[PDB]
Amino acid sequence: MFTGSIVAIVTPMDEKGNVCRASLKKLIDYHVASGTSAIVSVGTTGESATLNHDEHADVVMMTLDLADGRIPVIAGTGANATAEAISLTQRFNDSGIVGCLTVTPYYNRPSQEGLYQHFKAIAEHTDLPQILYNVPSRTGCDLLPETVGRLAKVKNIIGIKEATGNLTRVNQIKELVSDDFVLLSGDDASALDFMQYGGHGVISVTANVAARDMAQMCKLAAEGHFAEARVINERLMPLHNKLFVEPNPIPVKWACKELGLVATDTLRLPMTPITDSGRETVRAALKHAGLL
């Protein structure tokens, strides 16, 4: 069962914007050493939007190769066209990934029935576990609990990354699905609360640069030690907030570079370099976490 601190890992790039293998290796080694539960490869934080489908496949396969069985890998496989979602998913069949993270279609704003048919078709063209992903602030679409309940009855649909920050969704979903269906936070700032309300873990931006503390916090939460978890969360709260001072993953890539975890903080357009003001904001947050 997917649980704990799952990193939405950045896709580290060289100065030309190509995937930087040495830096990816360093990040993967860091998450193994830190006790990160799993890696989400080419999620939103991994710049899924600006990698073409073959580059996307390359990054996931590279992540599996470097992981070398030490840490589970979940592939980002979301698309706003159902045919493309199916194709991406089929690409990773028998790759070694343990699951797929698949976002509600963005931009075209399908209905709840559209969302149902989309994810059902995807699930029917795979043997891999499927984690649904709702983030209306990015997509223009809000996958409601009722529809999640319908999808949870479909073979292979086994969880959700709920990124609304709306804590009422936890029990609204939980009462419509079986006890084995996983609820994962997609909002670092509210993730500990999300777990205390019944969530099983978090797919996290913060875990990129505070992997040890995130893993400890999620462990404590799982054990019901929320007082202790809250101390860590408060330590990390400036990071939870300031990693979004400029658009994700601009701040977190800078932070990775600053901590020596990656060679460069290069992104692909329309993502642009962190401003000087952003640098200092993020630096302060890293200092608050005892990381700088």
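One-based numbering along the sequence shown.
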(request) Pick between 5 to 13 and 273 to 281: the one whose mean CA B-factor in the entry is higher. (result) 273 to 281
(request) Output the stretch having the higher mean C-alpha B factor in the entry; the candidates are 88 to 96 and 187 to 195. (result) 88 to 96
(message) Could you place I122 in the lowest, middle or highest third of its chain by Cα temperature factor, using the values in the record?
(response) middle
(message) Quick check on the deposited entry: does the C-alpha B-factor of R150 sit in the lowest, middle or highest third of its chain?
(response) middle
(request) Report the third (lowest, middle or highest) to which the CA temperature factor of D265 belongs, ranking only the modelled residues of the same chain. (result) middle
(request) State the tercile, meaning the lowest, middle or highest third, of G224 with respect to the CA B-factors recorded for its chain. (result) highest
(request) Could you say whether, by C-alpha temperature factor, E246 belongs to the lowest, middle or highest third of its chain? (result) middle
